[PDB]
Amino acid sequence: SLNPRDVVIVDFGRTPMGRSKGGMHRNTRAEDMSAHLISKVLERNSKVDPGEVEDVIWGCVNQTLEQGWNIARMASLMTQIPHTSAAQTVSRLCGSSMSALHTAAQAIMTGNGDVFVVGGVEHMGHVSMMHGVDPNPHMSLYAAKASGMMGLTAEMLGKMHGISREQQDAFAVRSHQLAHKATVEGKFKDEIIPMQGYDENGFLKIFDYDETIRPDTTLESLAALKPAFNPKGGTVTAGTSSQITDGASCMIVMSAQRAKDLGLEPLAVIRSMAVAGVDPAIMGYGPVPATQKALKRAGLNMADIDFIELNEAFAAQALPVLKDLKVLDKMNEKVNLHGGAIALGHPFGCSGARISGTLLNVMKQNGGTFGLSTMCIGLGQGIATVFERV
Amino acid sequence: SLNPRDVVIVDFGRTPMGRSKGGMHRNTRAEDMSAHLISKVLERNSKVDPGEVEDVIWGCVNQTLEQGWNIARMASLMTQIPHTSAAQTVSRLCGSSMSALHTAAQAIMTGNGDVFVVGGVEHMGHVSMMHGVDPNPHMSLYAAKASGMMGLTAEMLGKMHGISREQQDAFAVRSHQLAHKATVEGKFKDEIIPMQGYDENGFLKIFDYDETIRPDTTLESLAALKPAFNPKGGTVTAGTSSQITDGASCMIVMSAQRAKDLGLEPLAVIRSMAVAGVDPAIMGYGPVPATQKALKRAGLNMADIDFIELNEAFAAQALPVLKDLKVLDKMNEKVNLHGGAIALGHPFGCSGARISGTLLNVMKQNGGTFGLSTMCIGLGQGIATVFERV
Amino acid sequence: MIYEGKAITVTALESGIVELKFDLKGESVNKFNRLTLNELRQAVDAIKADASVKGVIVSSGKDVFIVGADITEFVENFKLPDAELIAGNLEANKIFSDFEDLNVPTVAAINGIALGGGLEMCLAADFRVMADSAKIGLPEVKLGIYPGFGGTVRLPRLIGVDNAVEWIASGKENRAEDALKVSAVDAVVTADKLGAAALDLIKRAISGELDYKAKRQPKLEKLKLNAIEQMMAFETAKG
Ligand SMILES: CC(=O)SCCNC(=O)CCNC(=O)[C@H](O)C(C)(C)COP(=O)(O)OP(=O)(O)OC[C@H]1O[C@@H](n2cnc3c(N)ncnc32)[C@H](O)[C@@H]1OP(=O)(O)O
Ligand SMILES: CC(=O)SCCNC(=O)CCNC(=O)[C@H](O)C(C)(C)COP(=O)(O)OP(=O)(O)OC[C@H]1O[C@@H](n2cnc3c(N)ncnc32)[C@H](O)[C@@H]1OP(=O)(O)O
């Protein structure tokens, strides 16, 4: 059964991923985006008292300007979450959002809380991924300064694993299509939380879809693209890469016991968590080391998992992962069924729980039992979670 | 006895707090400061294999420029810590460093690790506390924009609790005095880790003391100071406030079992952890709510604790805390014995574990049993830990 | 047309929506004098009585939206006995408050400058779309007074205490860019596509897409700030 201290997910809600370049969130702050998302998610589950939120753990990378000074609290203050509650912003680069989920869980398990709210935000339109970056010369002494440029780290993993430009563009058109497909069939309605935004002309209106998705993507169009990172002989292009997206994800978590008391069916139950490190140069390979550690803790075999949600950092990196994980042949059958970051974007601070959330829905929709959400991280890291519907 | 999953502190080491305005760290980066400190602390305890560092949790607030992009990993990469290990940067404003300790502990307890390295850095000389700050107008709608200016939040708590300018300045001269005292008697030798720095002229040399400490401080000199925050009728001045310090703290933590195996006497054993929230205006009152929660979990009474280490954010705030905690009368007997942030500085990302570390030494020196490290946080938060020598 | 005055004309539009436009005949601007007010009173009563109206839009047929009244009239009004002045402003405010209580989504199409009463009028409506070149402000303190038509009431509940004080105490004119950043205006457009943006938004408000009833509520209830935050935010503002 469920032990009183097990980590139960009560709900998951994400904002409609928008284009950073003059998109639907161009006039919306990162904080007001997060504070909002959280407010709405809570309103859906009224049986949970916001006053019980032991701690608001939010994930955010470029913690400067709007995203500076523990944005977790800045958001919690503009919510129905009392001042009595706490708040902390976790940063583990791309995996920030997912580490938050872990941190809270661990808290719930150790008996230092009962109801936490974890999420993540990242407004790349207002805080460019290259804003305020001071390269430390002393890094070149112990590592490669080039290992920083995420695109190149995809290039290397691609070559070492021999991923062709064709293979990549193909996976790209797949993400877009599958994403679009799921959007239409409203497979995203349950997780997407409507939100005020502004169209081209700047007209205020509500969005319930993802601007990022580009259904007009074809091998013929992605072939025209030029290497975005390696000029002379590049494979990774702007088309097989994740999109610069302004977005936020949210989740309500609590012990299994508290969940039992309030009486409400879990969206899933975390069974294991893990993180791992890899060389900065081949950071895209992070998922495999972390996945293994996670499964071993879960006491399962990669074959026991029904659905997978691997964040699509790069095509040249996502593919090798699946391959080495020995699930590439099972892709279209159980991998990123609702599309990935190539079509949904990759809002650093957000992505973490985002895929972890979407993964739960894919399970609730196709009757899954065990799901796996994993993703590579910058500078060489990996993180994955293993949930179970029950 | 000690359960196999108990959180044991193996050691604590901090850098010589330096003056941000042309101090000993003026030419030292935040990363290289952290990566260094960590390297040295590990070298002291050779029985612990750096390859076992499950995760490097570092605390840092102004995560931009040097301190941007998960500085936790940036440091771990320039250490003997393998690439296989992970790393995340926790931000909870002032309490960042202490939350890191908690996160790891919780990890060790849940069985998702065995040996973690937690610390915190904050180079306020290179990343001013007011650098890259975009005030959100929508905040004024749910809270007071003024609650941001930390100094004013001290003013308010001071008035509400009637703390006089005399009382503050007095507590100030106390911090410097006791800090200087402890420095001399080498009560800081064990925790301070020598480090390359540059004196006035810019001569490269090693520092093993704290520049911040100013022994020539007297009620007569602090009386001359002028209100730093409230012009007409101010009580909080630049003298009763923490110093802008460039510093970093480090700690090695691991399960009680792993500690048993490797065979090494614990520096202390975490017994409880907690966080709490308060109104942004009176954020300085955060310690009391968190301390209560912490003790209640520890199953102890404020009277069972032998020594306390309360971070000295402001005199006007530190005093009320002690009072309401019902330990003010026990101050000089068991409170900030080696001085506080008023004389040692307050490097946001660092302070957290810094006082937590110093507290352990005060116990190891005066034969203490249970210690309490607590501190207020910006925007209204509190955090405290309760260790035990045994 | 539903209503036809000398300063205000309530013309009917599509889908039962209606446009209330400020076009003071004979002058070059728009100001709240005795006439303007008395007409807006009638204009509202017409709408409020017309059970066909489903949406209201507030526009201006001049280069500016609505500037301040003739300083001349000011001198006059402030000469009246206290009990009379207040009684005069109470009636004036009711005109706005009533327009604020219309069981129909209302949008202010700020095309140009909107000072004092001009801005206070907009503060009454639910949503607000402003031109990218327009400006809005409350230059009351420059005359030794402060917002009289519910300015000190709506502004704080719309943009926030700290901002409301910063806007009123200075009486500075605020540009479109900063106007949306503090949420004084919901949407910003260009002079040529303003009418479109307004008309569009209304339809969405009517369609139920946007909860106009929930957007109005905020300025009908007490401030959001805590008790500590009030004192904090206020005592500092005063200081
Ligand atoms: C570790 C982890 O888990 S996360 C991995 C980290 N990933 C990242 O940081 C993302 C890095 N990528 C980026 O920053 C950007 O996308 C870049 C650098 C690759 C490209 O940015 P830019 O240099 O500005 O070039 P840009 O994006 O404008 O080029 C895209 C062009 O291709 C076209 N294009 C892009 N995607 C598609 C598509 N799917 N179908 C058709 N055309 C497309 C665009 O229309 C555009 O052409 P245009 O200029 O005529 O409009
Ligand atoms: C929530 C938490 O837990 S943390 C609380 C957060 N706290 C803060 O953010 C406050 C941080 N402090 C500050 O930012 C600064 O110290 C301020 C704003 C208070 C004052 O800074 P400034 O305006 O630059 O004044 P400054 O720091 O130069 O010092 C003022 C004078 O007092 C003197 N002074 C300071 N301390 C002492 C002392 N102990 N003895 C004698 N003289 C002293 C200085 O030498 C200086 O004199 P000088 O100019 O002749 O050299």
# chains A, B, ... in the order shown; residues from 1 in each chain; ligands from 1
>>> calpha_fit_and_write(fixed="chain A", moving="chain B", output="short mmCIF file (atom, residue, chain, number, x, y, z; two decimals) with C-alpha atoms, in the first residue's frame")
data_model
loop_
_atom_site.label_atom_id
_atom_site.label_comp_id
_atom_site.auth_asym_id
_atom_site.auth_seq_id
_atom_site.Cartn_x
_atom_site.Cartn_y
_atom_site.Cartn_z
CA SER B 1 -0.01 -0.01 -0.01
CA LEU B 2 0.93 3.66 0.32
CA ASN B 3 3.08 4.49 3.34
CA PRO B 4 2.07 7.67 5.21
CA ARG B 5 5.29 9.36 4.07
CA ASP B 6 5.15 8.47 0.35
CA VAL B 7 5.35 11.41 -2.06
CA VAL B 8 2.05 11.87 -3.91
CA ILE B 9 1.45 14.28 -6.78
CA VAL B 10 -1.94 15.93 -6.46
CA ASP B 11 -2.03 17.80 -9.76
CA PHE B 12 0.02 19.32 -12.58
CA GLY B 13 -0.52 22.52 -14.54
CA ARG B 14 1.61 24.35 -17.09
CA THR B 15 1.29 27.63 -18.97
CA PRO B 16 0.84 27.73 -22.74
CA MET B 17 4.46 27.68 -23.97
CA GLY B 18 4.98 30.89 -25.91
CA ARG B 19 7.51 32.32 -28.34
CA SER B 20 10.09 34.53 -26.61
CA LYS B 21 10.59 36.65 -29.73
CA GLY B 22 7.42 38.73 -29.63
CA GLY B 23 5.19 35.97 -28.29
CA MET B 24 2.12 35.76 -26.08
CA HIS B 25 4.20 36.29 -22.95
CA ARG B 26 6.19 39.24 -24.25
CA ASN B 27 4.36 41.54 -21.82
CA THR B 28 4.08 39.11 -18.91
CA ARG B 29 6.67 39.03 -16.11
CA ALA B 30 8.27 35.77 -14.94
CA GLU B 31 7.05 36.29 -11.37
CA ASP B 32 3.48 37.21 -12.30
CA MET B 33 3.52 34.21 -14.62
CA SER B 34 4.59 31.89 -11.83
CA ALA B 35 2.45 33.48 -9.10
CA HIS B 36 -0.51 33.18 -11.46
CA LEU B 37 -0.01 29.59 -12.58
CA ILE B 38 0.30 28.58 -8.91
CA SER B 39 -2.84 30.48 -7.92
CA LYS B 40 -4.90 28.73 -10.60
CA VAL B 41 -3.60 25.23 -9.92
CA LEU B 42 -4.52 25.67 -6.25
CA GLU B 43 -7.98 26.89 -7.19
CA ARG B 44 -8.60 23.62 -9.05
CA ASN B 45 -7.91 21.55 -5.92
CA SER B 46 -9.85 23.45 -3.23
CA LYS B 47 -9.63 20.59 -0.73
CA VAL B 48 -5.99 21.53 -0.14
CA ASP B 49 -5.53 24.56 2.12
CA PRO B 50 -2.89 26.97 0.76
CA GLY B 51 -2.08 27.71 4.38
CA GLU B 52 -0.53 24.24 4.59
CA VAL B 53 2.06 24.91 1.89
CA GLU B 54 5.16 24.15 3.99
CA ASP B 55 7.47 25.43 1.27
CA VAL B 56 7.23 26.84 -2.26
CA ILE B 57 10.15 25.34 -4.18
CA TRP B 58 10.52 26.96 -7.59
CA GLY B 59 13.12 26.35 -10.28
CA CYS B 60 14.79 29.17 -12.17
CA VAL B 61 18.17 29.52 -13.90
CA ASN B 62 18.99 33.09 -14.89
CA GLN B 63 18.15 34.43 -11.44
CA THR B 64 18.69 38.11 -12.19
CA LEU B 65 16.33 41.03 -12.79
CA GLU B 66 12.78 39.64 -12.76
CA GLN B 67 14.05 36.19 -11.86
CA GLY B 68 16.35 37.39 -9.11
CA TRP B 69 16.20 37.31 -5.32
CA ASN B 70 14.49 33.97 -4.70
CA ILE B 71 11.63 34.36 -7.17
CA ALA B 72 10.00 31.46 -5.34
CA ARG B 73 8.93 33.81 -2.54
CA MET B 74 8.19 36.69 -4.89
CA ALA B 75 5.55 34.47 -6.46
CA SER B 76 4.23 32.91 -3.24
CA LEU B 77 3.57 36.46 -1.99
CA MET B 78 1.24 37.25 -4.88
CA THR B 79 -0.69 33.99 -4.36
CA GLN B 80 -3.22 32.82 -1.76
CA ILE B 81 -0.20 31.22 -0.10
CA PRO B 82 0.09 32.79 3.39
CA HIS B 83 3.22 34.70 4.46
CA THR B 84 3.65 31.97 7.06
CA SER B 85 4.77 29.60 4.30
CA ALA B 86 8.35 29.40 3.05
CA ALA B 87 9.94 29.46 -0.40
CA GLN B 88 13.24 28.65 -2.13
CA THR B 89 14.50 28.81 -5.71
CA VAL B 90 16.44 25.73 -6.85
CA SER B 91 18.94 25.95 -9.70
CA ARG B 92 20.53 22.93 -11.38
CA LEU B 93 20.48 24.52 -14.82
CA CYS B 94 18.07 22.72 -17.13
CA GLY B 95 17.04 20.24 -14.45
CA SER B 96 16.20 22.91 -11.86
CA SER B 97 12.46 22.31 -11.99
CA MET B 98 12.81 18.57 -11.43
CA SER B 99 15.29 18.96 -8.58
CA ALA B 100 12.70 21.12 -6.84
CA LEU B 101 10.25 18.22 -6.99
CA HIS B 102 12.91 15.99 -5.49
CA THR B 103 13.91 18.38 -2.71
CA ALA B 104 10.28 18.68 -1.59
CA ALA B 105 9.62 14.95 -1.82
CA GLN B 106 12.69 14.29 0.32
CA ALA B 107 11.24 16.84 2.73
CA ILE B 108 7.85 15.13 2.90
CA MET B 109 9.55 11.76 3.43
CA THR B 110 11.77 12.95 6.30
CA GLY B 111 8.76 14.37 8.08
CA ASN B 112 9.66 18.03 7.63
CA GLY B 113 6.46 18.98 5.86
CA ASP B 114 3.18 17.62 4.52
CA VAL B 115 2.14 19.75 1.55
CA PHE B 116 4.60 21.45 -0.79
CA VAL B 117 4.17 23.32 -4.06
CA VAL B 118 6.88 22.75 -6.66
CA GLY B 119 7.23 24.28 -10.08
CA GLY B 120 9.56 26.24 -12.32
CA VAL B 121 9.63 29.33 -14.50
CA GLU B 122 11.98 30.80 -17.12
CA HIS B 123 11.21 33.93 -19.13
CA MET B 124 13.93 33.78 -21.77
CA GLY B 125 12.39 36.72 -23.58
CA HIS B 126 13.12 39.03 -20.63
CA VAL B 127 16.24 37.23 -19.40
CA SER B 128 18.17 35.94 -22.43
CA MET B 129 20.13 32.74 -21.83
CA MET B 130 23.28 34.71 -22.57
CA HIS B 131 22.44 37.65 -20.32
CA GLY B 132 24.98 38.48 -17.63
CA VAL B 133 27.57 35.81 -18.35
CA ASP B 134 31.14 36.24 -17.14
CA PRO B 135 33.30 33.35 -18.42
CA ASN B 136 35.87 32.31 -15.82
CA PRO B 137 39.31 31.93 -17.46
CA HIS B 138 40.36 29.46 -14.78
CA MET B 139 37.80 27.04 -16.22
CA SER B 140 39.87 26.44 -19.34
CA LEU B 141 42.47 25.04 -16.95
CA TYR B 142 40.39 22.13 -15.69
CA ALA B 143 37.88 21.81 -18.53
CA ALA B 144 37.00 23.05 -22.02
CA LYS B 145 35.57 26.55 -22.35
CA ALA B 146 33.80 25.18 -25.42
CA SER B 147 31.88 22.66 -23.32
CA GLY B 148 29.74 25.64 -22.33
CA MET B 149 28.12 26.26 -25.72
CA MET B 150 25.29 23.73 -25.42
CA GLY B 151 25.01 23.34 -29.18
CA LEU B 152 28.57 22.11 -29.57
CA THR B 153 28.07 19.56 -26.79
CA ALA B 154 25.32 18.15 -29.01
CA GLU B 155 27.65 18.13 -32.02
CA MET B 156 30.16 15.96 -30.18
CA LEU B 157 27.66 13.47 -28.80
CA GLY B 158 26.20 13.31 -32.29
CA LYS B 159 29.48 12.38 -33.97
CA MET B 160 30.57 9.92 -31.28
CA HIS B 161 27.22 8.19 -31.75
CA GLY B 162 26.99 8.82 -35.46
CA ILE B 163 23.67 10.65 -35.66
CA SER B 164 22.94 11.85 -39.19
CA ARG B 165 21.42 15.17 -40.18
CA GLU B 166 18.63 13.09 -41.73
CA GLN B 167 18.00 11.21 -38.49
CA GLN B 168 17.86 14.45 -36.53
CA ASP B 169 15.56 16.41 -38.83
CA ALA B 170 13.35 13.32 -38.84
CA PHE B 171 13.05 13.28 -35.05
CA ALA B 172 12.32 17.00 -35.26
CA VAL B 173 9.36 16.73 -37.61
CA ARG B 174 8.21 13.97 -35.25
CA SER B 175 8.14 16.17 -32.16
CA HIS B 176 6.16 18.93 -33.90
CA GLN B 177 3.80 16.43 -35.48
CA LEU B 178 3.04 14.49 -32.30
CA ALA B 179 2.80 17.71 -30.30
CA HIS B 180 0.32 19.17 -32.77
CA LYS B 181 -1.59 15.89 -32.83
CA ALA B 182 -1.93 15.84 -29.03
CA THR B 183 -2.92 19.52 -29.04
CA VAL B 184 -5.79 18.92 -31.44
CA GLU B 185 -7.15 15.84 -29.70
CA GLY B 186 -7.12 17.96 -26.55
CA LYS B 187 -4.70 15.59 -24.88
CA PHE B 188 -3.17 18.78 -23.49
CA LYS B 189 -6.42 20.27 -22.19
CA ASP B 190 -6.11 18.61 -18.77
CA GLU B 191 -2.59 19.90 -18.09
CA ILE B 192 -2.61 23.29 -19.81
CA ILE B 193 -3.89 26.20 -17.74
CA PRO B 194 -5.50 29.02 -19.79
CA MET B 195 -3.73 32.36 -19.41
CA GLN B 196 -3.96 35.99 -20.53
CA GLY B 197 -1.58 36.82 -23.37
CA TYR B 198 -1.21 39.20 -26.31
CA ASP B 199 -1.42 38.29 -30.00
CA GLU B 200 0.64 39.95 -32.75
CA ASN B 201 -1.24 43.23 -32.73
CA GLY B 202 -1.09 43.22 -28.93
CA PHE B 203 -4.73 42.34 -28.32
CA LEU B 204 -5.34 40.99 -24.82
CA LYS B 205 -6.82 37.48 -25.03
CA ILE B 206 -6.69 34.00 -23.49
CA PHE B 207 -4.37 31.28 -24.79
CA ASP B 208 -4.91 27.55 -24.30
CA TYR B 209 -2.56 26.25 -26.97
CA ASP B 210 1.20 26.29 -27.64
CA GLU B 211 2.55 28.90 -30.06
CA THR B 212 5.86 27.03 -30.23
CA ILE B 213 4.38 24.12 -32.22
CA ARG B 214 4.98 24.53 -35.98
CA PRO B 215 2.99 21.77 -37.85
CA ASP B 216 4.30 22.98 -41.22
CA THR B 217 7.61 21.28 -40.43
CA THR B 218 8.86 18.74 -42.98
CA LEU B 219 12.10 16.94 -43.78
CA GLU B 220 12.06 19.17 -46.87
CA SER B 221 12.03 22.36 -44.78
CA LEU B 222 14.49 21.22 -42.11
CA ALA B 223 16.88 20.21 -44.88
CA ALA B 224 17.11 23.84 -45.95
CA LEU B 225 18.34 24.91 -42.51
CA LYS B 226 22.06 25.60 -42.01
CA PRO B 227 24.31 24.29 -39.19
CA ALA B 228 23.60 26.55 -36.23
CA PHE B 229 26.76 25.64 -34.33
CA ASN B 230 29.38 24.02 -36.60
CA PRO B 231 29.76 26.11 -39.83
CA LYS B 232 31.82 23.75 -41.97
CA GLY B 233 30.31 20.30 -41.53
CA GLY B 234 27.56 20.75 -38.97
CA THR B 235 24.68 18.42 -38.17
CA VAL B 236 22.88 20.23 -35.37
CA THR B 237 20.75 23.07 -36.73
CA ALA B 238 18.22 25.53 -35.33
CA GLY B 239 15.50 23.11 -36.37
CA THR B 240 16.59 20.06 -34.41
CA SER B 241 17.11 22.19 -31.29
CA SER B 242 14.73 23.14 -28.48
CA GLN B 243 12.98 26.50 -28.79
CA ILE B 244 13.64 29.61 -26.72
CA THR B 245 10.37 29.51 -24.79
CA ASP B 246 8.82 31.69 -22.11
CA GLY B 247 6.99 29.28 -19.85
CA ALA B 248 6.28 28.03 -16.35
CA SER B 249 5.23 24.71 -14.84
CA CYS B 250 3.56 23.97 -11.52
CA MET B 251 2.78 21.03 -9.27
CA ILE B 252 1.14 20.35 -5.93
CA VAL B 253 2.69 17.59 -3.87
CA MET B 254 1.95 16.11 -0.46
CA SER B 255 2.40 12.99 1.65
CA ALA B 256 0.33 9.92 0.87
CA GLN B 257 -1.23 10.12 4.33
CA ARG B 258 -2.34 13.74 4.09
CA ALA B 259 -3.65 12.84 0.63
CA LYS B 260 -5.56 9.94 2.12
CA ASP B 261 -7.13 12.16 4.78
CA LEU B 262 -8.28 14.94 2.46
CA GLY B 263 -9.48 12.13 0.21
CA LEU B 264 -8.31 12.63 -3.36
CA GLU B 265 -7.04 10.35 -6.11
CA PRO B 266 -3.26 10.73 -6.72
CA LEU B 267 -2.05 11.76 -10.16
CA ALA B 268 0.95 9.50 -9.53
CA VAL B 269 3.38 8.34 -6.83
CA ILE B 270 7.12 9.04 -6.93
CA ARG B 271 9.07 5.79 -6.59
CA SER B 272 12.67 6.88 -7.04
CA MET B 273 14.85 9.89 -7.78
CA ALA B 274 18.42 10.35 -8.93
CA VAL B 275 21.06 12.64 -10.39
CA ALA B 276 24.38 11.92 -12.09
CA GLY B 277 27.36 13.62 -13.64
CA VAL B 278 29.12 13.33 -16.97
CA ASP B 279 31.86 15.18 -18.84
CA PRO B 280 30.87 18.76 -19.75
CA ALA B 281 31.67 18.07 -23.41
CA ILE B 282 29.13 15.24 -23.75
CA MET B 283 26.59 16.62 -21.29
CA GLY B 284 23.79 15.37 -23.52
CA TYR B 285 24.63 11.87 -22.35
CA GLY B 286 23.58 12.74 -18.81
CA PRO B 287 20.19 10.91 -18.92
CA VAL B 288 21.64 7.39 -19.13
CA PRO B 289 23.77 7.59 -15.94
CA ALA B 290 20.91 9.17 -13.96
CA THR B 291 18.26 6.84 -15.35
CA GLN B 292 20.29 3.80 -14.34
CA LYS B 293 20.72 5.13 -10.81
CA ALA B 294 17.02 5.98 -10.64
CA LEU B 295 15.81 2.59 -11.85
CA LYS B 296 18.25 0.76 -9.56
CA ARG B 297 16.68 2.64 -6.67
CA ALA B 298 13.20 1.98 -8.03
CA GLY B 299 14.06 -1.70 -8.26
CA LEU B 300 12.86 -1.90 -11.85
CA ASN B 301 14.29 -2.63 -15.29
CA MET B 302 14.11 -0.15 -18.16
CA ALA B 303 11.70 -2.75 -19.56
CA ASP B 304 9.18 -2.37 -16.73
CA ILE B 305 8.52 1.26 -17.61
CA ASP B 306 5.47 1.87 -19.79
CA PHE B 307 6.05 5.47 -20.90
CA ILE B 308 9.03 7.79 -21.09
CA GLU B 309 9.37 11.56 -21.25
CA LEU B 310 12.90 12.53 -22.24
CA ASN B 311 13.46 16.26 -22.60
CA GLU B 312 14.49 17.06 -26.18
CA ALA B 313 17.55 19.27 -25.63
CA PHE B 314 18.93 18.43 -29.07
CA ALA B 315 18.09 15.75 -31.60
CA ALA B 316 21.75 14.75 -31.76
CA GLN B 317 21.62 14.15 -28.01
CA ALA B 318 18.13 12.79 -27.39
CA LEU B 319 18.63 9.97 -29.90
CA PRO B 320 21.89 8.58 -28.44
CA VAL B 321 20.24 8.53 -25.01
CA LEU B 322 17.29 6.43 -26.16
CA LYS B 323 19.65 4.15 -28.04
CA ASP B 324 22.00 3.48 -25.13
CA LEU B 325 18.96 3.22 -22.86
CA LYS B 326 17.86 0.44 -25.21
CA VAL B 327 14.43 1.91 -25.95
CA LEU B 328 14.94 3.60 -29.32
CA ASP B 329 13.11 0.75 -31.03
CA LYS B 330 10.26 1.44 -28.61
CA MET B 331 10.18 5.20 -29.27
CA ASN B 332 6.91 5.97 -31.10
CA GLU B 333 5.36 3.35 -28.80
CA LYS B 334 6.35 4.89 -25.47
CA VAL B 335 8.55 7.99 -25.87
CA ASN B 336 7.57 11.68 -25.85
CA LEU B 337 4.15 10.76 -27.20
CA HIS B 338 2.80 14.31 -26.90
CA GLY B 339 5.89 15.79 -28.51
CA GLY B 340 8.96 17.26 -26.88
CA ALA B 341 10.99 20.40 -26.32
CA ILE B 342 11.68 20.66 -30.04
CA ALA B 343 8.02 21.57 -30.51
CA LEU B 344 7.04 22.67 -27.00
CA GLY B 345 10.12 24.73 -26.20
CA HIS B 346 12.63 24.49 -23.37
CA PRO B 347 12.14 27.10 -20.60
CA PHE B 348 15.11 26.08 -18.43
CA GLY B 349 13.61 26.70 -15.00
CA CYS B 350 10.33 25.19 -16.19
CA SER B 351 11.16 22.16 -18.36
CA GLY B 352 12.17 20.07 -15.36
CA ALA B 353 8.73 19.36 -13.91
CA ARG B 354 7.05 20.16 -17.23
CA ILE B 355 8.04 16.85 -18.83
CA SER B 356 7.56 15.18 -15.44
CA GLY B 357 4.02 16.51 -15.48
CA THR B 358 3.20 15.72 -19.10
CA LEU B 359 4.55 12.22 -18.47
CA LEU B 360 1.94 11.67 -15.77
CA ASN B 361 -0.86 12.62 -18.14
CA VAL B 362 0.45 10.29 -20.85
CA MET B 363 0.14 7.55 -18.25
CA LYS B 364 -3.34 8.62 -17.18
CA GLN B 365 -4.39 8.63 -20.84
CA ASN B 366 -2.88 5.39 -22.14
CA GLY B 367 -3.28 3.44 -18.92
CA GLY B 368 0.36 3.37 -17.88
CA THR B 369 1.80 2.11 -14.60
CA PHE B 370 5.41 3.28 -14.33
CA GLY B 371 6.75 6.36 -16.06
CA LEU B 372 10.23 7.81 -16.43
CA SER B 373 11.05 11.49 -16.78
CA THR B 374 14.73 12.20 -17.47
CA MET B 375 16.85 14.93 -18.99
CA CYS B 376 20.42 16.05 -19.62
CA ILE B 377 21.86 19.14 -17.92
CA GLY B 378 24.40 21.83 -18.74
CA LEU B 379 28.07 21.42 -17.83
CA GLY B 380 27.53 17.68 -17.44
CA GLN B 381 24.64 16.44 -15.30
CA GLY B 382 21.62 14.18 -15.41
CA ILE B 383 18.37 13.80 -13.49
CA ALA B 384 15.40 11.45 -13.67
CA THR B 385 12.30 10.52 -11.70
CA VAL B 386 10.21 7.33 -11.74
CA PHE B 387 6.51 7.72 -10.95
CA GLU B 388 3.77 5.11 -10.69
CA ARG B 389 0.03 5.37 -11.30
CA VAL B 390 -1.82 3.55 -8.52
#
>>> residues_around(residues="residue 31 in chain C", least_positions_apart="4", cutoff="7 Å", atoms="only C-alpha atoms", output="MDAnalysis selection string")
chainID C and resid 66:69
>>> interface_residues(of="chain C", to="chain A", cutoff="7 Å", atoms="only C-alpha atoms", output="mmCIF file with N, CA and C atoms, in the first residue's frame")
data_model
loop_
_atom_site.group_PDB
_atom_site.id
_atom_site.type_symbol
_atom_site.label_atom_id
_atom_site.label_comp_id
_atom_site.auth_asym_id
_atom_site.auth_seq_id
_atom_site.Cartn_x
_atom_site.Cartn_y
_atom_site.Cartn_z
ATOM 1 N N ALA C 187 -3.986 46.784 -22.466
ATOM 2 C CA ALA C 187 -3.368 46.495 -23.752
ATOM 3 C C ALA C 187 -2.910 47.754 -24.468
ATOM 4 N N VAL C 188 -1.790 47.647 -25.172
ATOM 5 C CA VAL C 188 -1.247 48.774 -25.923
ATOM 6 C C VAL C 188 -1.207 48.439 -27.406
ATOM 7 N N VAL C 189 -1.644 49.389 -28.225
ATOM 8 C CA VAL C 189 -1.672 49.221 -29.673
ATOM 9 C C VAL C 189 -1.216 50.499 -30.372
ATOM 10 N N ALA C 197 -8.609 46.923 -31.731
ATOM 11 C CA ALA C 197 -8.265 46.260 -30.479
ATOM 12 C C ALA C 197 -9.386 46.377 -29.460
ATOM 13 N N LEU C 201 -11.572 43.213 -28.027
ATOM 14 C CA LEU C 201 -11.557 42.909 -26.603
ATOM 15 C C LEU C 201 -12.977 42.817 -26.043
#
>>> residues_around(residues="residue 116 in chain C", least_positions_apart="3", cutoff="6 Å", atoms="only C-alpha atoms", output="ChimeraX atom specification")
/C:68,119-120,138
>>> atom_distance(atom1="CA of residue 38 in chain C", atom2="CA of residue 52 in chain C")
23.0 Å
>>> residues_around(residues="residue 143 in chain C", least_positions_apart="6", cutoff="10 Å", atoms="only C-alpha atoms", output="VMD selection string")
chain C and resid 71 74 171
>>> select_by_dssp(residues="chain C", states="helix (DSSP H, G or I)", output="PyMOL selection string")
chain C and resi 14-16+34-49+71-77+82-100+117-124+141-143+151-159+161-168+176-181+194-206+212-220+227-238
>>> residues_around(residues="residue 238 in chain C", least_positions_apart="3", cutoff="12 Å", atoms="only C-alpha atoms", output="ChimeraX atom specification")
/B:146 /C:162,165-166,169,230-235
